[PDB]
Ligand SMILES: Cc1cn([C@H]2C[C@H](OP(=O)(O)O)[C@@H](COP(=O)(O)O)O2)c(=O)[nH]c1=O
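Here you get one chain, nothing else, as structure tokens; it is the form solved without this ligand.
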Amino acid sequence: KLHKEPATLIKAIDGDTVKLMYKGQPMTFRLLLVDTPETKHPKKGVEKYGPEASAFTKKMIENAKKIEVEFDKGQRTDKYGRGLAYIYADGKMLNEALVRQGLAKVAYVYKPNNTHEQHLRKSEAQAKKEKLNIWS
């Protein structure tokens, strides 16, 4: 069973990457199961809705009372040393919020890090249907 643990903001980096203090150490987190358009894309640089996604994450995270991280059941870091987590701002999952607003797609999923996959697919379906942002 997953559980939430506390963390503190250091810096929002991008739509899908944030640096947090977690168990007393600065650590970079990559949001599980979502892909946002990027402003720091390694090959492309700045994509459409990149700035919008980055602004949404920034605002949501900087204005929260409480930030929690929730690891999935599998590997907890990727090959770049980033924590792979669901991030909650005042009990709302940022990963879901991005997908719901049409500012992220559901990623390619790597089992067993896929606990909230169905929930996120449902939000993406709704965003598509409403033609929000990426889907417009």
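Note that residue numbering begins at 1 and tracks the sequence as displayed.
The protein also exists as the form deposited with this ligand bound; that form is not presented, and the subsequent description refers to it.
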item	value
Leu32, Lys79 and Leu84 each touching this ligand in the bound PDB entry (heavy atom, 4.5 Å)	yes
Contact test in the bound PDB entry: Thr115 vs this ligand, heavy atoms, 4.5 Å	no
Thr17, heavy atom within 4.5 angstroms of this ligand in the bound PDB entry	yes
Residues within stretch 110-126 having a non-hydrogen atom within 4.5 Å of this ligand in the bound PDB entry	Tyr110
